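**Q** This is the content of my_file_34.txt (compact mmCIF, N, CA and C atoms):
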```txt
# COMPACT_ATOMS: atom_id res chain seq x y z
N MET S 1 6.02 -24.58 13.66
CA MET S 1 5.81 -24.74 12.19
C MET S 1 5.38 -23.39 11.60
N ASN S 2 5.94 -23.05 10.44
CA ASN S 2 5.65 -21.78 9.74
C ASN S 2 6.47 -20.67 10.40
N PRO S 3 6.51 -19.50 9.82
CA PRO S 3 7.28 -18.37 10.40
C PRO S 3 6.99 -18.25 11.89
N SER S 4 7.91 -17.64 12.63
CA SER S 4 7.74 -17.52 14.07
C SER S 4 6.89 -16.29 14.46
N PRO S 5 6.95 -15.20 13.72
CA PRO S 5 6.15 -13.98 14.07
C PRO S 5 4.67 -14.31 14.25
N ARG S 6 3.98 -14.49 13.13
CA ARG S 6 2.57 -14.81 13.12
C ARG S 6 2.30 -15.69 11.90
N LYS S 7 2.55 -15.11 10.74
CA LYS S 7 2.40 -15.82 9.48
C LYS S 7 2.81 -14.91 8.33
N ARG S 8 3.99 -15.16 7.78
CA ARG S 8 4.48 -14.35 6.67
C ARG S 8 3.80 -14.75 5.36
N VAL S 9 3.18 -13.78 4.69
CA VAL S 9 2.49 -14.04 3.41
C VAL S 9 3.26 -13.41 2.26
N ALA S 10 3.45 -14.18 1.21
CA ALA S 10 4.14 -13.69 0.02
C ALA S 10 3.10 -13.16 -0.98
N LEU S 11 2.66 -11.90 -0.81
CA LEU S 11 1.65 -11.33 -1.71
C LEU S 11 2.31 -10.46 -2.79
N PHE S 12 2.16 -10.86 -4.05
CA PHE S 12 2.75 -10.11 -5.16
C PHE S 12 1.71 -9.18 -5.76
N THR S 13 1.88 -7.90 -5.53
CA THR S 13 0.95 -6.92 -6.07
C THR S 13 1.05 -6.94 -7.59
N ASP S 14 0.32 -7.87 -8.21
CA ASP S 14 0.34 -8.03 -9.66
C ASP S 14 -1.03 -7.71 -10.27
N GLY S 15 -1.55 -6.52 -9.95
CA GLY S 15 -2.86 -6.08 -10.44
C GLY S 15 -3.14 -6.62 -11.84
N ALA S 16 -2.75 -5.85 -12.85
CA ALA S 16 -2.96 -6.27 -14.24
C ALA S 16 -2.33 -5.26 -15.19
N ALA S 17 -2.74 -4.00 -15.05
CA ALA S 17 -2.21 -2.94 -15.90
C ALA S 17 -2.85 -2.97 -17.28
N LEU S 18 -3.99 -2.31 -17.40
CA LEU S 18 -4.73 -2.25 -18.66
C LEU S 18 -5.97 -1.40 -18.52
N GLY S 19 -6.06 -0.67 -17.42
CA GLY S 19 -7.22 0.15 -17.16
C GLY S 19 -7.56 0.99 -18.38
N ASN S 20 -8.84 1.35 -18.50
CA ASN S 20 -9.28 2.18 -19.62
C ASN S 20 -8.25 3.30 -19.84
N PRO S 21 -7.83 3.98 -18.79
CA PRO S 21 -6.79 5.05 -18.88
C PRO S 21 -5.49 4.46 -19.36
N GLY S 22 -5.08 3.40 -18.66
CA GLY S 22 -3.85 2.70 -18.96
C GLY S 22 -2.99 2.56 -17.70
N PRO S 23 -1.95 1.76 -17.74
CA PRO S 23 -1.03 1.57 -16.57
C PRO S 23 -0.52 2.89 -16.01
N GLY S 24 -0.75 3.94 -16.79
CA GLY S 24 -0.31 5.30 -16.47
C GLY S 24 -0.45 5.66 -14.98
N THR S 25 -1.09 4.78 -14.20
CA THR S 25 -1.28 4.97 -12.75
C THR S 25 -2.42 4.10 -12.24
N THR S 26 -3.12 3.42 -13.15
CA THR S 26 -4.21 2.56 -12.75
C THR S 26 -3.68 1.25 -12.20
N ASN S 27 -2.60 0.77 -12.78
CA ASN S 27 -1.99 -0.48 -12.35
C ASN S 27 -1.59 -0.35 -10.90
N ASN S 28 -0.98 0.78 -10.60
CA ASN S 28 -0.54 1.06 -9.24
C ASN S 28 -1.75 1.15 -8.33
N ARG S 29 -2.80 1.80 -8.82
CA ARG S 29 -4.03 1.93 -8.09
C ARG S 29 -4.68 0.56 -7.96
N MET S 30 -4.60 -0.22 -9.03
CA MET S 30 -5.17 -1.56 -9.03
C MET S 30 -4.39 -2.43 -8.06
N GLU S 31 -3.08 -2.28 -8.06
CA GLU S 31 -2.24 -3.02 -7.14
C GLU S 31 -2.56 -2.55 -5.74
N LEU S 32 -2.87 -1.27 -5.63
CA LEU S 32 -3.23 -0.68 -4.37
C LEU S 32 -4.60 -1.22 -3.96
N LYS S 33 -5.49 -1.33 -4.95
CA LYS S 33 -6.84 -1.84 -4.71
C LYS S 33 -6.77 -3.30 -4.24
N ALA S 34 -5.93 -4.08 -4.91
CA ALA S 34 -5.76 -5.48 -4.56
C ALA S 34 -5.16 -5.60 -3.17
N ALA S 35 -4.38 -4.59 -2.79
CA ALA S 35 -3.74 -4.58 -1.48
C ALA S 35 -4.77 -4.40 -0.37
N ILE S 36 -5.55 -3.32 -0.43
CA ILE S 36 -6.57 -3.09 0.58
C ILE S 36 -7.42 -4.34 0.73
N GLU S 37 -7.68 -5.01 -0.39
CA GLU S 37 -8.44 -6.25 -0.36
C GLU S 37 -7.59 -7.38 0.21
N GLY S 38 -6.31 -7.37 -0.14
CA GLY S 38 -5.39 -8.42 0.31
C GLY S 38 -5.05 -8.28 1.79
N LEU S 39 -5.56 -7.22 2.43
CA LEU S 39 -5.29 -6.98 3.84
C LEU S 39 -6.61 -6.88 4.61
N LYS S 40 -7.69 -6.68 3.85
CA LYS S 40 -9.02 -6.57 4.41
C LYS S 40 -9.74 -7.90 4.26
N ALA S 41 -9.31 -8.69 3.29
CA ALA S 41 -9.94 -9.99 3.05
C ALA S 41 -9.34 -11.06 3.94
N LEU S 42 -8.50 -10.64 4.87
CA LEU S 42 -7.84 -11.57 5.79
C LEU S 42 -8.16 -11.23 7.25
N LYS S 43 -7.80 -10.02 7.65
CA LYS S 43 -8.01 -9.56 9.02
C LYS S 43 -7.24 -10.44 9.98
N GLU S 44 -6.28 -11.16 9.42
CA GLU S 44 -5.44 -12.06 10.20
C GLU S 44 -4.05 -11.43 10.37
N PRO S 45 -3.77 -10.77 11.49
CA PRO S 45 -2.44 -10.12 11.70
C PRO S 45 -1.30 -11.00 11.20
N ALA S 46 -0.73 -10.63 10.06
CA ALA S 46 0.36 -11.42 9.46
C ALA S 46 1.44 -10.54 8.81
N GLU S 47 2.66 -11.10 8.69
CA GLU S 47 3.78 -10.38 8.08
C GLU S 47 3.72 -10.55 6.57
N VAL S 48 2.86 -9.77 5.94
CA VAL S 48 2.69 -9.87 4.50
C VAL S 48 3.82 -9.19 3.75
N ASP S 49 4.64 -9.99 3.11
CA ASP S 49 5.73 -9.46 2.32
C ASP S 49 5.18 -9.00 0.98
N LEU S 50 4.46 -7.89 1.02
CA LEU S 50 3.84 -7.34 -0.17
C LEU S 50 4.89 -6.86 -1.16
N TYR S 51 5.06 -7.59 -2.26
CA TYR S 51 6.03 -7.18 -3.28
C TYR S 51 5.34 -6.25 -4.27
N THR S 52 5.66 -4.95 -4.21
CA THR S 52 5.03 -3.96 -5.09
C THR S 52 6.07 -3.25 -5.95
N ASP S 53 6.04 -3.51 -7.25
CA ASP S 53 6.98 -2.89 -8.18
C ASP S 53 6.35 -1.64 -8.81
N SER S 54 5.65 -0.87 -7.98
CA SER S 54 5.00 0.36 -8.45
C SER S 54 5.82 1.59 -8.06
N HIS S 55 5.63 2.68 -8.81
CA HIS S 55 6.35 3.92 -8.56
C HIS S 55 5.55 4.88 -7.70
N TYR S 56 4.39 4.42 -7.24
CA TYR S 56 3.52 5.24 -6.39
C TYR S 56 3.50 4.69 -4.98
N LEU S 57 3.30 3.38 -4.87
CA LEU S 57 3.27 2.74 -3.58
C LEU S 57 4.63 2.86 -2.88
N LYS S 58 5.67 2.50 -3.62
CA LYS S 58 7.03 2.55 -3.09
C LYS S 58 7.35 3.95 -2.64
N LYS S 59 7.23 4.88 -3.56
CA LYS S 59 7.51 6.27 -3.28
C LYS S 59 6.91 6.68 -1.93
N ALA S 60 5.62 6.42 -1.76
CA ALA S 60 4.94 6.80 -0.53
C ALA S 60 5.68 6.32 0.71
N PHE S 61 5.74 5.01 0.87
CA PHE S 61 6.40 4.41 2.02
C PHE S 61 7.89 4.75 2.06
N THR S 62 8.57 4.68 0.91
CA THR S 62 10.01 4.96 0.86
C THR S 62 10.31 6.41 1.25
N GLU S 63 9.34 7.29 1.09
CA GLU S 63 9.53 8.69 1.46
C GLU S 63 9.36 8.85 2.96
N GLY S 64 8.87 7.80 3.60
CA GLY S 64 8.67 7.79 5.04
C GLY S 64 7.91 9.01 5.54
N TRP S 65 7.49 9.90 4.64
CA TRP S 65 6.76 11.09 5.05
C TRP S 65 5.28 10.78 5.21
N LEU S 66 4.96 9.49 5.18
CA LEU S 66 3.57 9.06 5.32
C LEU S 66 3.06 9.56 6.67
N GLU S 67 3.96 9.63 7.63
CA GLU S 67 3.59 10.16 8.92
C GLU S 67 3.22 11.63 8.71
N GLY S 68 4.07 12.33 7.97
CA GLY S 68 3.82 13.72 7.68
C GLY S 68 2.47 13.85 7.01
N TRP S 69 2.20 12.94 6.06
CA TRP S 69 0.92 12.96 5.37
C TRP S 69 -0.20 13.20 6.38
N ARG S 70 -0.25 12.38 7.42
CA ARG S 70 -1.28 12.54 8.45
C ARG S 70 -1.26 13.95 9.03
N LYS S 71 -0.07 14.46 9.29
CA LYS S 71 0.06 15.81 9.85
C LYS S 71 -0.08 16.86 8.75
N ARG S 72 -0.13 16.39 7.51
CA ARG S 72 -0.25 17.27 6.34
C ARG S 72 -1.69 17.38 5.88
N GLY S 73 -2.60 16.87 6.68
CA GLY S 73 -4.01 16.94 6.33
C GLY S 73 -4.27 16.19 5.02
N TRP S 74 -3.20 15.56 4.52
CA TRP S 74 -3.23 14.77 3.29
C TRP S 74 -3.34 15.61 2.03
N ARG S 75 -2.16 16.01 1.56
CA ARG S 75 -1.99 16.79 0.34
C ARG S 75 -0.74 16.27 -0.37
N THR S 76 -0.52 16.69 -1.62
CA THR S 76 0.66 16.24 -2.34
C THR S 76 1.81 17.16 -2.04
N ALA S 77 2.99 16.72 -2.40
CA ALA S 77 4.18 17.52 -2.15
C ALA S 77 4.02 18.93 -2.70
N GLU S 78 3.00 19.13 -3.53
CA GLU S 78 2.75 20.44 -4.11
C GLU S 78 1.82 21.26 -3.22
N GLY S 79 0.78 20.60 -2.72
CA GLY S 79 -0.19 21.26 -1.85
C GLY S 79 -1.62 20.96 -2.29
N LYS S 80 -1.75 20.09 -3.28
CA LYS S 80 -3.08 19.71 -3.78
C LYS S 80 -3.48 18.36 -3.15
N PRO S 81 -4.75 18.11 -2.94
CA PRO S 81 -5.20 16.83 -2.32
C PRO S 81 -4.48 15.61 -2.88
N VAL S 82 -4.50 14.54 -2.10
CA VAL S 82 -3.86 13.28 -2.48
C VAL S 82 -4.85 12.42 -3.26
N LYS S 83 -4.39 11.78 -4.31
CA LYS S 83 -5.25 10.93 -5.10
C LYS S 83 -5.29 9.55 -4.45
N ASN S 84 -6.44 8.88 -4.53
CA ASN S 84 -6.61 7.54 -3.95
C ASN S 84 -6.69 7.63 -2.43
N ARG S 85 -6.71 8.85 -1.93
CA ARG S 85 -6.76 9.08 -0.48
C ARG S 85 -7.77 8.16 0.19
N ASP S 86 -8.74 7.72 -0.58
CA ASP S 86 -9.77 6.84 -0.07
C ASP S 86 -9.25 5.42 0.06
N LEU S 87 -8.48 5.00 -0.93
CA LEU S 87 -7.92 3.67 -0.91
C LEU S 87 -6.87 3.61 0.16
N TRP S 88 -6.07 4.67 0.22
CA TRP S 88 -5.01 4.78 1.19
C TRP S 88 -5.57 4.84 2.61
N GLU S 89 -6.37 5.86 2.89
CA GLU S 89 -6.94 5.99 4.23
C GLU S 89 -7.60 4.68 4.67
N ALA S 90 -8.07 3.93 3.68
CA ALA S 90 -8.72 2.64 3.96
C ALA S 90 -7.68 1.56 4.13
N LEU S 91 -6.68 1.58 3.27
CA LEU S 91 -5.60 0.63 3.34
C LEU S 91 -4.82 0.86 4.64
N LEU S 92 -4.69 2.12 5.03
CA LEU S 92 -3.98 2.48 6.25
C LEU S 92 -4.73 1.97 7.47
N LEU S 93 -6.05 2.10 7.44
CA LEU S 93 -6.87 1.63 8.55
C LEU S 93 -6.84 0.12 8.57
N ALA S 94 -6.78 -0.44 7.38
CA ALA S 94 -6.74 -1.89 7.21
C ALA S 94 -5.33 -2.43 7.43
N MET S 95 -4.33 -1.54 7.42
CA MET S 95 -2.92 -1.95 7.62
C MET S 95 -2.51 -1.84 9.08
N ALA S 96 -3.44 -1.43 9.90
CA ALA S 96 -3.16 -1.27 11.32
C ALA S 96 -3.01 -2.65 11.99
N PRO S 97 -3.95 -3.54 11.79
CA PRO S 97 -3.91 -4.91 12.40
C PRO S 97 -2.71 -5.74 11.92
N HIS S 98 -2.33 -5.57 10.65
CA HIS S 98 -1.23 -6.34 10.07
C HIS S 98 0.10 -5.62 10.22
N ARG S 99 1.17 -6.39 10.04
CA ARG S 99 2.54 -5.86 10.11
C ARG S 99 3.04 -5.63 8.69
N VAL S 100 2.17 -5.99 7.75
CA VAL S 100 2.42 -5.85 6.30
C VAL S 100 3.76 -5.19 5.99
N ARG S 101 4.67 -5.96 5.42
CA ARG S 101 5.99 -5.46 5.07
C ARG S 101 5.99 -4.95 3.63
N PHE S 102 6.88 -4.01 3.32
CA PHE S 102 6.98 -3.47 1.97
C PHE S 102 8.23 -4.01 1.28
N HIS S 103 8.05 -4.54 0.07
CA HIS S 103 9.18 -5.10 -0.70
C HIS S 103 9.13 -4.61 -2.14
N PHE S 104 9.71 -3.46 -2.40
CA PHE S 104 9.72 -2.93 -3.74
C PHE S 104 10.59 -3.80 -4.64
N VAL S 105 9.94 -4.71 -5.37
CA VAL S 105 10.63 -5.62 -6.27
C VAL S 105 10.65 -5.03 -7.68
N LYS S 106 11.54 -4.07 -7.88
CA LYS S 106 11.69 -3.42 -9.18
C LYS S 106 13.01 -3.83 -9.82
```
As structure tokens, what does this structure read like?

**A**
Amino acid sequence: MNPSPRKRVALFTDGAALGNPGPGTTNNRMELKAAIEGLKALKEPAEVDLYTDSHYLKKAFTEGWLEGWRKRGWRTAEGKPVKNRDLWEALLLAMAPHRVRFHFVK
């Protein structure tokens, strides 16, 4: 009963988008914030089909250079530190137990 892997979760990264700054990148961060929580508030190794229609989250994973990021000491394609590196480094540590899948629903 239920998926055969472990447990597939349909998590829709639907933060809100209204930060004092504005969706200008907070929504993505908020969706990112909800993610770290959506993967830390479980700790149950599951195939989370995280649907993220963000231009930051997708870009990261879709660039597959996330591995490079680690070898890049964590900087931007320009050479300046990465923003949210705290959420990420935390989400990454929290994404280790899970198989969390990426589904850019744009």

**Q** Based on the backbone DSSP call, show me all residues of range 3-56 of chain S assigned alpha helix (DSSP H), as a PyMOL selection string.

**A** chain S and resi 26-40

**Q** What does the file look like for those residues with N, CA and C atoms, as a PDB file, in the coordinates of the input?

**A**
```pdb
ATOM      1  N   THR S  26      -3.120   3.420 -13.150  1.00  0.00           N
ATOM      2  CA  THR S  26      -4.210   2.560 -12.750  1.00  0.00           C
ATOM      3  C   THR S  26      -3.680   1.250 -12.200  1.00  0.00           C
ATOM      4  N   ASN S  27      -2.600   0.770 -12.780  1.00  0.00           N
ATOM      5  CA  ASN S  27      -1.990  -0.480 -12.350  1.00  0.00           C
ATOM      6  C   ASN S  27      -1.590  -0.350 -10.900  1.00  0.00           C
ATOM      7  N   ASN S  28      -0.980   0.780 -10.600  1.00  0.00           N
ATOM      8  CA  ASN S  28      -0.540   1.060  -9.240  1.00  0.00           C
ATOM      9  C   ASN S  28      -1.750   1.150  -8.330  1.00  0.00           C
ATOM     10  N   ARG S  29      -2.800   1.800  -8.820  1.00  0.00           N
ATOM     11  CA  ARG S  29      -4.030   1.930  -8.090  1.00  0.00           C
ATOM     12  C   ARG S  29      -4.680   0.560  -7.960  1.00  0.00           C
ATOM     13  N   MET S  30      -4.600  -0.220  -9.030  1.00  0.00           N
ATOM     14  CA  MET S  30      -5.170  -1.560  -9.030  1.00  0.00           C
ATOM     15  C   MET S  30      -4.390  -2.430  -8.060  1.00  0.00           C
ATOM     16  N   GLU S  31      -3.080  -2.280  -8.060  1.00  0.00           N
ATOM     17  CA  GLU S  31      -2.240  -3.020  -7.140  1.00  0.00           C
ATOM     18  C   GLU S  31      -2.560  -2.550  -5.740  1.00  0.00           C
ATOM     19  N   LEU S  32      -2.870  -1.270  -5.630  1.00  0.00           N
ATOM     20  CA  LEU S  32      -3.230  -0.680  -4.370  1.00  0.00           C
ATOM     21  C   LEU S  32      -4.600  -1.220  -3.960  1.00  0.00           C
ATOM     22  N   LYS S  33      -5.490  -1.330  -4.950  1.00  0.00           N
ATOM     23  CA  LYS S  33      -6.840  -1.840  -4.710  1.00  0.00           C
ATOM     24  C   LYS S  33      -6.770  -3.300  -4.240  1.00  0.00           C
ATOM     25  N   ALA S  34      -5.930  -4.080  -4.910  1.00  0.00           N
ATOM     26  CA  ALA S  34      -5.760  -5.480  -4.560  1.00  0.00           C
ATOM     27  C   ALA S  34      -5.160  -5.600  -3.170  1.00  0.00           C
ATOM     28  N   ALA S  35      -4.380  -4.590  -2.790  1.00  0.00           N
ATOM     29  CA  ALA S  35      -3.740  -4.580  -1.480  1.00  0.00           C
ATOM     30  C   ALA S  35      -4.770  -4.400  -0.370  1.00  0.00           C
ATOM     31  N   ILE S  36      -5.550  -3.320  -0.430  1.00  0.00           N
ATOM     32  CA  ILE S  36      -6.570  -3.090   0.580  1.00  0.00           C
ATOM     33  C   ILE S  36      -7.420  -4.340   0.730  1.00  0.00           C
ATOM     34  N   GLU S  37      -7.680  -5.010  -0.390  1.00  0.00           N
ATOM     35  CA  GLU S  37      -8.440  -6.250  -0.360  1.00  0.00           C
ATOM     36  C   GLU S  37      -7.590  -7.380   0.210  1.00  0.00           C
ATOM     37  N   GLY S  38      -6.310  -7.370  -0.140  1.00  0.00           N
ATOM     38  CA  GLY S  38      -5.390  -8.420   0.310  1.00  0.00           C
ATOM     39  C   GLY S  38      -5.050  -8.280   1.790  1.00  0.00           C
ATOM     40  N   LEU S  39      -5.560  -7.220   2.430  1.00  0.00           N
ATOM     41  CA  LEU S  39      -5.290  -6.980   3.840  1.00  0.00           C
ATOM     42  C   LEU S  39      -6.610  -6.880   4.610  1.00  0.00           C
ATOM     43  N   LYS S  40      -7.690  -6.680   3.850  1.00  0.00           N
ATOM     44  CA  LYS S  40      -9.020  -6.570   4.410  1.00  0.00           C
ATOM     45  C   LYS S  40      -9.740  -7.900   4.260  1.00  0.00           C
TER      46      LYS S  40
END
```

**Q** Kindly give the distance, in Å, that separates CA of residue 102 in chain S and atom N of residue 4 in chain S, rounded to a single decimal.

**A**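 One can read the CA of residue 102 in chain S to atom N of residue 4 in chain S distance as 17.8 Å.
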
**Q** I'd like the interatomic distance between CA of residue 70 in chain S and atom C of residue 12 in chain S, to a tenth of an Å.

**A**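 So the answer is 26.1 Å.
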
**Q** Distance CA of residue 19 in chain S-CA of residue 31 in chain S, one decimal place?

**A** 11.6 Å

**Q** Nearest to residue 16 in chain S among S:2, S:52, S:91, S:28, with distances taken over only N, CA and C atoms: which residue is it?

**A**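 Under the stated criterion, the closest residue is S:28.
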
**Q** When you look at residue 32 in chain S with a cut-off of 10 Å (counting only C-alpha atoms), what residues show up, excluding the ones that are within fewer than 4 positions of it in the same chain? I need them as a ChimeraX atom specification.

**A** /S:13-15,26-28,36-38,52,54,56-57,84,87-88,91

**Q** May I have all residues of chain S that DSSP, computed from the backbone, assigns to strand (DSSP E), given as a PyMOL selection string?

**A** chain S and resi 49-51+101-103

**Q** Counting only C-alpha atoms, which residues come within 10 Å of (5.1, -13.5, 11.6), with the point read in the file's coordinates, and could you list them as a ChimeraX atom specification?

**A** /S:2-9,45-48,98-100

**Q** I need the residue nearest residue 44 in chain S from this list: S:97, S:60, S:18, S:106. Use all atoms listed in the file for the distance.

**A**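 Under the stated criterion, the closest residue is S:97.
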
**Q** Skip residue 49 in chain S itself and residues of its chain fewer than 6 positions away, then list as a PyMOL selection string all residues within 5 Å of it, counting only N, CA and C atoms.

**A** chain S and resi 9-11+101
